[PDB]
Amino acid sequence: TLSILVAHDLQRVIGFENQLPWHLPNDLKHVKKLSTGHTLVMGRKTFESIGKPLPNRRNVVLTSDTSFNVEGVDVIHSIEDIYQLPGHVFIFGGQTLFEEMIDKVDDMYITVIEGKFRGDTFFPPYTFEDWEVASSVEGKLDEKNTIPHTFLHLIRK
């Protein structure tokens, strides 16, 4: 199974200056639940912004740098290498990789952040004419999660 895994705001912002524009612990847990024991694929910039590989899953970084070699990280140099990865593979970021993969993936796990943030990186446009809503779950607000958000599982028609 090949999935997209992304959080974007009302205008499809996913990032600002190498970081996430919002602080939302429930979504990180959502990411952890979904991807633990599976595979995350990410472009080089996304990985460097994270800093280190995420625990308890395969971390695959796509780059053209043939010197790239980080411990805990597997490296691929072609989009085409993605299709060779076994198991449940999540396309994790960033804008460049989302643009390359959105027409190829089976489904998308989107967290819609219900706000308008300043961004410099965006999720590509997509229409619900192409995607069935398998589920839509409102996130709970609290002490530490103060921005409305909705977990979507979209499946290609």
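Position 1 is the first residue in the sequence shown; the rest follow in order.
Between 94-102 and 25-33, point out the one with the higher average CA B-factor as the PDB entry records it.
The stretch with the larger mean CA B-factor is 25-33.
Read off the CA B-factors in the entry, average them over 106-114 and over 84-92, and name the higher stretch.
The stretch with the larger mean CA B-factor is 84-92.
Specify which of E17, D142, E138, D9 carries the largest Cα B factor in the deposited PDB entry.
Highest C-alpha B-factor among the listed residues goes to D142.
Which of these has the highest Cα B-factor in the record: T121, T46, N59, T66?
In the PDB entry, the greatest C-alpha B-factor among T121, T46, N59, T66 is found at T66.
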